[PDB]
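Participant: PDB entry and its sequence, pasted below:
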Amino acid sequence: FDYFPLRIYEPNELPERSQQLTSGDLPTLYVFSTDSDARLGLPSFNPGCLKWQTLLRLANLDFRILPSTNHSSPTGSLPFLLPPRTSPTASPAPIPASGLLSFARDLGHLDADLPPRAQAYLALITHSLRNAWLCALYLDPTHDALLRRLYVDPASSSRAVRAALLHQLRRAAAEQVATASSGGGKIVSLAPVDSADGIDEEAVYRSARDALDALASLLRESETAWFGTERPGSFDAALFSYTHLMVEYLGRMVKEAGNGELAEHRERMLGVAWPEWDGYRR
Amino acid sequence: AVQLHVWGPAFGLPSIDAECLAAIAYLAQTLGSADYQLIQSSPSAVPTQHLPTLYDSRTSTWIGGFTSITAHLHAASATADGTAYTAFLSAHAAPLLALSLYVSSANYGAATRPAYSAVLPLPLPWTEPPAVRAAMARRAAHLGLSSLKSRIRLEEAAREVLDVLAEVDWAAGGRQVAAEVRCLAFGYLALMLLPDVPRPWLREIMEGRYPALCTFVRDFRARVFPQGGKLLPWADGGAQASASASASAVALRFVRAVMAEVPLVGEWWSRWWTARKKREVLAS
Amino acid sequence: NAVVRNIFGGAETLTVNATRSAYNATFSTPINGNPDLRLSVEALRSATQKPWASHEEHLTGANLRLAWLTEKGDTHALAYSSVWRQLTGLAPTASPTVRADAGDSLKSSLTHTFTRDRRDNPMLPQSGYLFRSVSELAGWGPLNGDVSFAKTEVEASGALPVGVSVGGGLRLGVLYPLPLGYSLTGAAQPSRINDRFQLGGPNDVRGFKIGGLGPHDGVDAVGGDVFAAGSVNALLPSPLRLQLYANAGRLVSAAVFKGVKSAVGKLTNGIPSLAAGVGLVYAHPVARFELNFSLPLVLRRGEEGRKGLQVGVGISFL
């Protein structure tokens, strides 16, 4: 061709909203937190994200925490990471939830092929305990105030939109519970059953009381204060992702599982993950 | 005088689904031929709409699901393992099952569709097997596999389950579990082995690698299900004539399903129906 | 489409279901007999895609509009709008400026569109001159919501024959954040990506990509508050005639004030982008096709200017 660009000048000085948020000096994990307790680094309140944050804080990674809104993400799920920015107009690619431990690097214990037995219990955590958190948070009018204070109020602040969001949450939560056979395999249409009546708050809750009885029975056999190991692994962090959020916000079942095993274990993960914090127990 | 509602006798196992087959094995081992009735039915023939359903004649309550049914009729590491595996079979094993006989088209249309059409009334197979396939496919997610050298992924997605189910010592050893979770394994490990399909990729894996399961599933059926499981106290009409208490009702089953398929008012009509139906359970 | 030419008087309804979608349940009506004061009520819903800032945008609101055509050619149109503006498409490699703005908002606003058009052919200027103002005041005081700004935009073209028809052009714009309640003081929240201006491509400044010529965050073109653009044509010669354009352009309470006085102070420091190139105009009764050939000259680093064969069509060029 030819040399037509005759003068090329400096970069163009990115806007204001993209200098306060994305300035960046440390890897910035994006979780479901609130602005007051996102600076102190306090745990999130969405267990699918508290799990990964706990793993990273166990991974000895020093990093920031910033709230976000589930659309800004390489995939559907939220807890991704964004490495520091190298030049004021160009950044390295995000890191999806799956590779947070590939970027965090004797860190082999946090990601290992679990024994064939404890891989069976992880069903209790991801399927039996996860449904009690969905059924009791979204589809329980008692927690109508709590759900509103976390997932919608910091979103739009316009009563005609909060309600449009709130209805799209419960329509999604009642779906992911109505599929796992703990609550109901009700067959009703060539369509998912997204309603608080396609399930039953009894079957889901009774399994969760049986879950926390099985899990509490596994810990008494370990005699090393963690689930058959020496240091918190990927199985301790997955249970703490649920045994905490249900205690900070079902609560009397955790503290009464077995003889206090799941309540004491949770108070010994906030001695390895958050060593300077105070103010748990609701 | 309990009264269970199950599916049909299709593939030589007095049921066509893992839940109801598991419940049938449990009842046949525990209660006795003079206690239940096994009224073959359909999901749109019960208030619970979750088909394996106990109806207690004494107090007239509907109890949906296999776990809740086992809530009636009844070291600690034993029951710990029991709960663990009972929660590991309802997921990571129902999707592996549903991957065949419910998703693979070459297998869904030669043995399962005749199975369903041979256990319902005349006009129903036009609507219900679609819903059943939709449900079993929605639960068949979380695996990344679809209707498919693109088969090593299949064998791996089968090992990730059979390896966990292998170290149970289902019949004797390793770790004895319980009398309610064993009857659940045979509920899934039968429809994953016994069917005669035209596209077999689940039989040879288990028959060729896991002998401990092949013997149990064959020995178990040899214990409580001799000669096809007809000796069970079916309804008075017989196997096929079991669904006699419900041409008048069969029309209502047809109109209810098809009306829920109109584009806009369909969804709301469905939500009004199941909401009305469920309030019959709690009142019962 | 779908129309209704009367219900009671001179009213009308409508519906268009056509970017990825739109559903405009428009319902127009004249008021007080006069066939000019066309009052409208629209309730749209659309999910348009914007690739230059790699995401989507789901407008799901409704706006009330009141048009008016005086007897001198000019046209006032005072519109009130309320939308949703959800951004839910950041699947590809999107830049960390758009990952801070996926979010959700409301944008209650109030505009005013004033276009005195004296040009003979609206698609091909020969001797006329267009003036057009679009003043917009988003959520502030009575208008609630969660965006709060004040946006204006002026465009004043020209033309002069001596058929040869030397041309011309100009555009302007300023986006000013304002506090959220019944005051001129307080917190002035900085502007998001659905409100900043865009400037580039074959419709605005010929010689750059459809979104380039602005502050770039890598590959995505985040906008800017204040801006300005020019142009100069020749329109040398049936509607098929040739053209010689040489465009230009830029794109960039005591706190929010010294921010604007600084930007527009920077708006006159250095040669603007100042592309160039020739083309062939075709004055269709509904469109203006260009099929040009461009050679950009000056650039702010990272702004993705094309280098020829920039065919583009529309109604409002520069």
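Facilitator: Cool, got the structure. Residues are numbered from 1 along each chain as shown, chains lettered A, B, ... in the order given.
Participant: how much space is there between the residue in chain A sticking out farthest from the centre and chain B?
Facilitator: Most distant from the centre of chain A: residue A:2, at 54.2 Å, with distances by C-alpha atoms, centre = their mean. Relative to chain B, residue A:2 is positioned 50 Å away (C-beta to the nearest C-beta, to the nearest Å). Any C-beta I mention is one placed from the backbone N, CA and C, and that applies to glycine too.
Participant: show me the domain layout of chain A.
Facilitator: A:27-101, A:118-269 (automatic domain parsing).
Participant: and chain C, is the first one touching that?
Facilitator: Which is domain A:27-101. Yes: counting by C-beta under 8 Å from any C-beta of the partner chain, contacts between domain A:27-101 and chain C involve A:30, A:68-69, A:71-74, A:82, A:85, A:89-91, A:93-94.
Participant: just name the closest of those to residue C:117, please.
Facilitator: Minimum separation from residue C:117 among the residues of domain A:27-101 next to chain C (C-beta to C-beta) is found for residue A:89, which lies at 39.9 Å.
Participant: number of nearby residues for residue C:20?
Facilitator: Other residues near residue C:20 come to 10 when the count uses other C-beta atoms under 10 Å in any protein chain shown.
Participant: wait, it sits on residue C:50?
Facilitator: No: Residue C:20 lies out of contact with residue C:50 (C-beta atoms under 8 Å); the separation is 11.4 Å.
Participant: list the residues that contact residue C:23.
Facilitator: C:15, C:16, C:17, C:44, C:45, C:46 (C-beta atoms under 8 Å, 6 or more residues apart in numbering or on different chains).
Participant: and those residues, which is closest to residue C:154?
Facilitator: For those, the residue nearest residue C:154 by C-beta to C-beta is residue C:44; the value is 26.3 Å.
Participant: helix, strand or coil for that closest one?
Facilitator: Here residue C:44 is coil, with the state taken from DSSP: H, G, I helix; E, B strand; the rest coil.
Participant: same question, the one 3 residues further on
Facilitator: With three-state DSSP as the basis, residue C:47 sits in strand.
Participant: so what sits opposite it in the bridge?
Facilitator: residue C:58 (DSSP bridges).
Participant: let me see the contact set for it.
Facilitator: Counted by C-beta under 8 Å, 6+ apart, residue C:47 has contacts C:20, C:21, C:56, C:57, C:58, C:59.
Participant: now with 7 Å, please.
Facilitator: For residue C:47, the contacting residues are C:20, C:21, C:56, C:58, by C-beta atoms under 7 Å, 6 or more residues apart in numbering or on different chains.
Participant: equivalent analysis for residue B:66, please.
Facilitator: Each residue near residue B:66 by C-beta under 7 Å, 6+ apart is listed here: B:19, B:22, B:23, B:52.
Participant: and the residues you listed, which two are furthest apart?
Facilitator: Within the contacts of residue B:66 (distances taken as C-beta to C-beta), the two that end up farthest apart are B:22 and B:52, at 8.0 Å.
Participant: coming back round to it: quick one: buried ones out of the contacts of residue B:66?
Facilitator: Among those, the ones that count as buried by 16 or more other C-beta atoms under 10 Å in any protein chain shown are B:19, B:22, B:23, B:52.
Participant: could I get those residues as CSV with secondary structure and distance to residue C:225?
Facilitator: Output for these, formatted as CSV (DSSP: H, G, I helix; E, B strand; the rest coil; distance: C-beta to C-beta, whole Å):
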residue, secondary structure, distance to residue C:225
B:19, helix, 62
B:22, helix, 66
B:23, helix, 68
B:52, coil, 64
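Participant: what is the nearest of those to residue B:8?
Facilitator: Distances from residue B:8 to the buried ones among the contacts of residue B:66, taken by C-beta to C-beta, are shortest for residue B:52, at 12.8 Å.
Participant: give me the nearest residue to that closest one, chain neighbours excluded.
Facilitator: Distances taken as C-beta to C-beta, 6 or more residues apart in numbering or on different chains put residue B:20 closest to residue B:52, at 4.0 Å, once the chain neighbours are dropped.
Participant: quick one: that neighbour and residue B:53 touch, right?
Facilitator: No: counting by C-beta atoms under 7 Å, residue B:20 stays clear of residue B:53, with 9.0 Å between them.
Participant: thinking again about what came up before, for chain B, state which of the contacts of residue C:23 is nearest.
Facilitator: Proximity of the contacts of residue C:23 to chain B was ranked by C-beta to the nearest C-beta; the top entry is residue C:17 with 14.4 Å.
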